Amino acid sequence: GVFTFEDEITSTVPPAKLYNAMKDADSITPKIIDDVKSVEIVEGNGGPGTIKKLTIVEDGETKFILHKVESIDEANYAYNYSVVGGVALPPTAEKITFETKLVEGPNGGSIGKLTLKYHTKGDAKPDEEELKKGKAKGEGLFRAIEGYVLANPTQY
């Protein structure tokens, strides 16, 4: 069953710059989020279809997360990936997809339109706590990437 949710978030960064930074998420996140220890390609080239493994600590404990790159519509500033395994996939969920689209924002900025697509085994529904975490992973990344660009003018 599919359950979809949409959120918006604004930034004073132009979408072109924000989008280049998003593509470099594997590099950026281990530097800026203490809990993220490593992002590595298992299979694929980095492009849509690529599977990645992530070493993360959650409440002091080492854990693993599996990502699949879904699509990278460059002309429309779009980066989609999904969580297909590990701690951040609930036992009742097949897959959780995080979409991110960037369009123009006030005063030279952009608005991030985020989309959460939750795929569940059978007819189980995402629980309220799962969804709360999902939206927070969504804003959190955008916020993290966003913080990186604001702190680093000279390179995007």
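Take the two forms, superpose them, and find the largest set of C-alpha atoms that agree within 1.5 Å; that set is the rigid core. In this text, residue numbers run from 1 along the sequence as written.
Novice: After superposing on the rigid core, which of 18-26 and 130-138 has its C-alpha atoms sitting farther from this form in 8 other deposited structures of this protein?
Specialist: Looking at 130-138 and 18-26 in 8 other deposited structures of this protein, the bigger mover is 130-138.
Novice: What stretch has the higher average Cα B-factor here, 59-67 or 90-98?
Specialist: In the deposited entry, the stretch with the higher C-alpha B-factor mean is 59-67.
Novice: Which has the higher mean CA temperature factor in the PDB entry, 141-149 or 9-17?
Specialist: On average, C-alpha B-factors are higher across 9-17.
Novice: Ranked by Cα temperature factor within the chain, is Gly108 in the lowest third, the middle third or the highest third?
Specialist: Highest third, going by the recorded CA B-factors of the chain.
Novice: Looking at the entry's B-factor column for C-alpha atoms only, identify whether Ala78 ranks in the lowest, middle or highest third of its chain.
Specialist: Tercile = middle for this residue's CA B-factor.
Novice: If you rank every modelled residue in this chain by C-alpha B factor, which third holds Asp26: lowest, middle or highest?
Specialist: For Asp26, the deposited C-alpha B-factor lands in the lowest third.
Novice: Using the B-factor values recorded in the entry, state whether the Cα atom of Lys117 falls in the lowest, middle or highest third among the modelled residues of its chain.
Specialist: For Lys117, the deposited C-alpha B-factor lands in the middle third.
Novice: Rank-wise, by C-alpha B-factor, drop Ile51 into the lowest, middle or highest third of its chain.
Specialist: Its C-alpha B-factor belongs to the middle third of this chain's values.
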